[PDB]
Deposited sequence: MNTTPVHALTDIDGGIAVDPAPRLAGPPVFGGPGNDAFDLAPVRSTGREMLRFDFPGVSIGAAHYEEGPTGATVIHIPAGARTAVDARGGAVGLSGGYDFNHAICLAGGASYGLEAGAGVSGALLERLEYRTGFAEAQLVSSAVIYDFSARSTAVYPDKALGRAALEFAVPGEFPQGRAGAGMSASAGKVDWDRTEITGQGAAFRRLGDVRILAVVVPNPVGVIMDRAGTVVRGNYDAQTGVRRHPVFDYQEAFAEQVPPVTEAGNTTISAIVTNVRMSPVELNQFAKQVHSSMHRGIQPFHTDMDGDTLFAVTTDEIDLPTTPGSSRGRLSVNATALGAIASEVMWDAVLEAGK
């Protein structure tokens, strides 16, 4: 069919629409509840063998809105590619023990504070300057998809860390993905997405991709079909946004996605940083448009620094076939699967 047929996993995206509904304001905030953190389990659990990497997800049913926390206890070297125009971010350290992704827009950054505080307690409040427990956080604005103003707070972040376990990730509406949505040319056509992950082991090489797509654009599959977002209930069709944009221009102008890619392959800070950018850009294949002024698109690239690539890039497949760029490209397909899991 197309060039990527033989690496497509045939994810079974549900053709059924799930419009997010109209923007209804006046909803109750955090101070209207004795909020109870709930462990997020999603529609399905992904389980994977990546020692040292744990994941927790929690949500409030009041929202619904949640946080998803990637816990790497030992700490890991990190590059951040904040490429969107509306990025809400905390820390953005080049070394992290946890990455916290959350709804609630800028207010949801508080969840990450809950994680860092909890990690300090777990360190029993040791305060060496080279002993900081570092947490980077990113947020999506999910207030449009729901009639409540509840936001992931300190307690929910702490809960998410507490609910963290090795090698598991809740697919679908869970954690930060509870009220994520796509396709925002018009809110009438916006669909709920969710969060998604995917994992691959290549020999000893491990790659985990985590994504919470709350795009202005729509989610598309490797066949080039729009599978989530911009659904018109009148036509039953999901058109690529560019057709609405085209027509909007003819009429009126007459003459956020937060993600993480985690691997165990050793990369220098410059390799890791470019790796981050490559994989982030590859996501404009599965999300369109992407990296727009409206989006706060932020990808974290994390390495546990456990295995080395060969000193020379050579193989029987080519002289330049085993390096970071080859990895970022294998990783790009894992991330696309993760995006399709979120949109499934």
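Undergrad: Where does the model have holes with respect to the deposited sequence?
TA: Unobserved in coordinates, per deposited numbering: 1-5, 261-266.
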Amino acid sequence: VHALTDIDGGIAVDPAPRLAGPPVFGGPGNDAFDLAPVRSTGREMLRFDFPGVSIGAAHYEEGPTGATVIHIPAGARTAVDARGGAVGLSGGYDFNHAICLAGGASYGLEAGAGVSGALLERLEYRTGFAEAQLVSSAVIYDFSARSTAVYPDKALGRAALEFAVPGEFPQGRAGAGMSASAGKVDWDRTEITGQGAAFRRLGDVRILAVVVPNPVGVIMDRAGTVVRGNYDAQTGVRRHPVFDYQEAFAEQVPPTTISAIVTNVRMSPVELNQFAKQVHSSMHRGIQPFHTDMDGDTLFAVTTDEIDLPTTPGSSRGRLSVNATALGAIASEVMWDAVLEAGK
From here on, numbers count along this sequence of modelled residues.
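Undergrad: Tell me which of 290-298 and 315-323 has the higher mean C-alpha B-factor in the deposited entry.
TA: 315-323 has the higher mean C-alpha B-factor.
Undergrad: Hey, which bit's got the bigger mean C-alpha B factor in the entry, 121-129 or 75-83?
TA: Going by the record's values, the stretch with the higher mean is 121-129.
Undergrad: Comparing recorded Cα B-factors across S136, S181, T263, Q234, which one is largest?
TA: If I rank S136, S181, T263, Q234 by C-alpha B-factor, first place goes to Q234.
Undergrad: Choose from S259, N96, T193, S147 the residue with the greatest Cα B-factor as stated in the PDB record.
TA: Reading the PDB entry, the winner on C-alpha B-factor is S147.
Undergrad: Could you tell me which third, lowest, middle or highest, the C-alpha B-factor of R39 occupies within its chain?
TA: Tercile = highest for this residue's CA B-factor.
Undergrad: Looking at the C-alpha B-factor of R189, is it in the lowest, middle or highest third of its chain?
TA: Middle third of the chain for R189's C-alpha B-factor.
Undergrad: Within this chain's modelled residues, let me know which third the CA B factor of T304 belongs to: lowest, middle or highest.
TA: Tercile = middle for this residue's CA B-factor.
Undergrad: Is the Cα B-factor recorded for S281 in the lowest, middle or highest third of its chain?
TA: CA B-factor rank for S281: lowest third.
Undergrad: Ranked by Cα temperature factor within the chain, is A176 in the lowest third, the middle third or the highest third?
TA: Its C-alpha B-factor, which the entry lists for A176, ranks in the middle third among residues of this chain.
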